Structures are given as C-alpha cells and as structure tokens.
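Peer 1: piece number one of the complex, untouched:
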Amino acid sequence: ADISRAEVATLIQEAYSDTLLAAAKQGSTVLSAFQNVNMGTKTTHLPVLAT
C-alpha cells in the first residue's frame, strides 16, 4: 500500500564530496627563521674567535 525509503534500497545512491579533504601543510620553522646554508659535502668547518 506504500513504498518506504528502506524498500527502495540502492536505487537511491550515496554521493561523495572532497570539500573537507584538503588539509594545508606547514613548513619547518627553522628553515624560514634562519639562513639556509647550501652544502655540497657532509662536513663544513666554520672557524670562530675563542679567546
């Protein structure tokens, strides 16, 4: 005598939305606060005044 939404099973499809998916990414703090010294080797030596 009547058709309910449970009786129409999967003739009604469920949809998708990525509108919550896109999280923004945060860089390193020290790579923007301080100088980025370019290196071409494992070890660099820096002399400093000590006495």
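Peer 2: Perfect, I can see it now. Numbering: from 1, shown residues only, chains lettered A, B, ... in the order given.

Peer 1: how many other residues sit next to residue A:9?
Peer 2: Here the neighbour count serves as a burial measure; for residue A:9 (other CB atoms under 10 Å) it reads 7. Every residue, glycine included, has its C-beta placed from N, CA and C.

Peer 1: do the one 4 residues further on as well
Peer 2: One way to gauge burial is a neighbour count; for residue A:13, by other CB under 10 Å, it gives 5.

Peer 1: residue contacts, it?
Peer 2: Taking CB atoms under 8 Å, 6 or more residues apart in numbering, we find residue A:13 in contact with no residue.

Peer 1: That one: what secondary structure?
Peer 2: The assignment at residue A:13 comes out as coil when based on DSSP: H, G, I helix; E, B strand; the rest coil.

Peer 1: let's put chain B on the structure above:
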Amino acid sequence: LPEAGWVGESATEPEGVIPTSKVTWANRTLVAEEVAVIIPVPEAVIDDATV
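Peer 2: If we add chain B to the chains shown above, we get the following:
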C-alpha cells in the same frame, strides 16, 4: 511485486476504488577479489628464447 485489480464505474460503491499497492527492492553486491601468480625465470633463459 505489486498487484492490480478490476474497477467498476462507481462514485459510491467500494468496487469503484482503485487499489493501492507497493513495489520493493533488495540489494546484492559485486566485491572484487584478487587472484594472482608469480613465475620466476633466469634472465638468460628469457634472452635466449626465440619463441
């Protein structure tokens, strides 16, 4: 499945009234499952073969 009925021309008798009926559906699923094999062979055997 719904069921229909024969209906008289009347504005007063119960036989003048068209029956209501429902239709209903259920769900079945295709679920994909993986079948696979690995066939190892010497690279020399593969390089040697003309077929």
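
Peer 1: Chain B added, so what about the neighbour count of residue A:9 now?
Peer 2: 11 (other CB atoms under 10 Å in any protein chain shown).

Peer 1: Residue A:42 too?
Peer 2: Residue crowding around residue A:42 was assessed by other CB under 10 Å; the count is 5.

Peer 1: repeat for residue A:31
Peer 2: Using other CB under 10 Å, residue A:31 has 9 neighbouring residues.

Peer 1: Check the secondary structure at it for me.
Peer 2: Three-state call for residue A:31 (three-state DSSP): helix.

Peer 1: Get me the contact residues on chain B for chain A.
Peer 2: Residues of chain B lying close to chain A (CB under 8 Å from any CB of the partner chain) are B:20-27.

Peer 1: any idea how far residue A:2 is from whatever residue of chain B ends up closest to chain A?
Peer 2: Sorted by distance to chain A under CB to the nearest CB, the residues of chain B start with residue B:24, at 3.9 Å. To residue A:2, residue B:24 is 10 Å away according to CB to CB, to the nearest Å.

Peer 1: onto the same structure, chain C please:
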Amino acid sequence: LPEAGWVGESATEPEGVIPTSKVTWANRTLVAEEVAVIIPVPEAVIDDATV
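Peer 2: Time to bring in chain C:
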C-alpha cells in the same frame, strides 16, 4: 599523520634502516532531513485583501 626519523649510514646496523610509517583517513556525512509547514487560507480572503 606519518612520523619520520633520523637515519645513520650502515649496511649492517639496526640504525641506517629508514623507518616505515602510515597516513589514514576517516568519513564524515551530510544526511538530508526535511523541515516544512502548511499554511491554509480561504481564496476569497486572498481576493479581498489589499496586499
């Protein structure tokens, strides 16, 4: 969120192996629901009125 680690150099030690890690996701849903009202009025009242 995934986790990185600091890594040595060796072919033999437990350090020098890069750590494995993981990213995961979850589901949130919009489910539509109906809000409604019926407002009945005599049609003579609609014709009689100045607005």
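
Peer 1: please look at the neighbour count of residue A:9 again, because chain C has been put in.
Peer 2: Residue crowding around residue A:9 was assessed by other CB under 10 Å; the count is 11.

Peer 1: got a list of what the closest residue to chain B within chain A touches?
Peer 2: Of the residues in chain A, the one nearest chain B is residue A:7, at a distance of 3.9 Å by CB to the nearest CB. When contacts are counted by CB atoms under 8 Å, 6 or more residues apart in numbering or on different chains, residue A:7 touches B:22-25.

Peer 1: do the same with residue A:16
Peer 2: For residue A:16, counting by CB under 8 Å, 6+ apart, there are no contacting residues.

Peer 1: Contacts only, for the residue nearest to residue B:10 when sequence neighbours are not counted.
Peer 2: Spatially, and ignoring its direct neighbours in sequence, residue B:10 is nearest to residue B:16 (3.2 Å; CB to CB, 6 or more residues apart in numbering or on different chains). With CB under 8 Å, 6+ apart as the criterion, the residues that contact residue B:16 are B:7-10.
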